[PDB]
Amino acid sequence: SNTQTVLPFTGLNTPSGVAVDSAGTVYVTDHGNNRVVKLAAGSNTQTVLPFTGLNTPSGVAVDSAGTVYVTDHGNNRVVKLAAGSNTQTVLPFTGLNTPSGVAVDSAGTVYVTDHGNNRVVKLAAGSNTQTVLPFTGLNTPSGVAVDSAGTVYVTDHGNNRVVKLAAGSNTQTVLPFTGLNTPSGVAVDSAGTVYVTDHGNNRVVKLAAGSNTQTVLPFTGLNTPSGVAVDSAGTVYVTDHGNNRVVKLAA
């Protein structure tokens, strides 16, 4: 599609992350209002998720159980809320510094871009022991995504590039995007196509698995886009950060 739609959220303030679940419900970190909002497909009435004490939250993810995970950026912590629960829990990460993105794989492993420490950390389901992933040379990494094969994709924000690590690998590779400015968000769909918010160029770009030629998606009028998600139908959702809105484009 080249007809973008603005989702009917209301009262957003410089939103920062977006996630979409298997039913098409959209979840947004409403960064400047210290809250997380949720909108079912076809609804025009958002709700606010009952997180507690968030400080300029940045990243959001939703797992197969519908549990919502948020990087509570200003509190140096990651929290999660089971669907229909009113009580969040704090995940047992250690040493985080303004965390910025979060992803969860099919095994429940939680991946976090530990932004201010230039690293990516992960926690397995039920574990208290985080691991630092063997990326190298990251500058203020800003988004993370993980595909069905366990390959981890990271927007290396300060180095204008996207890197990936295959499961079990100790050596990253750089994806062949071109011309990125301070990339923020990243998403990967079931076919392995990688979508990136090219933050400083006000555009969203994508790269099919095996391709060396990116495509620019036909969004218009974006301002410093900040997060991206893709649903099972291939619809791409972007937090249009500087325009206080969320926009989508069917494939």
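Numbers follow the displayed sequence, beginning with 1. Heads up, when I say rigid core I mean the largest set of C-alphas that superpose within 1.5 Å between the two forms.
Taking the rigid core as the alignment reference, the C-alpha atoms of 78-86 lie farther on average from the displayed form in 8 other deposited structures of this protein than those of the other stretch among 97-105 and 78-86. Higher mean CA temperature factor, per the PDB entry, when comparing 27-35 with 201-209: 201-209. Between the stretches 78-86 and 96-104, it is 78-86 that shows the larger average CA temperature factor. Highest C-alpha temperature factor among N223, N44, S184, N55, as the PDB entry reports it: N44. Across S142, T109, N118, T129, the entry's maximum B-factor at the CA atom is seen for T129.
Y153: CA B factor lies in the middle third for its chain, per the PDB record. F51: CA B factor in the highest third of modelled residues in this chain (values from the PDB entry). The deposited CA B-factor of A233 belongs to the highest third of values across its chain. Among the modelled residues of its chain, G137 has a C-alpha B-factor that falls in the middle third according to the deposited record. Ranked by C-alpha B-factor against the other modelled residues of its chain, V163 falls in the lowest third.
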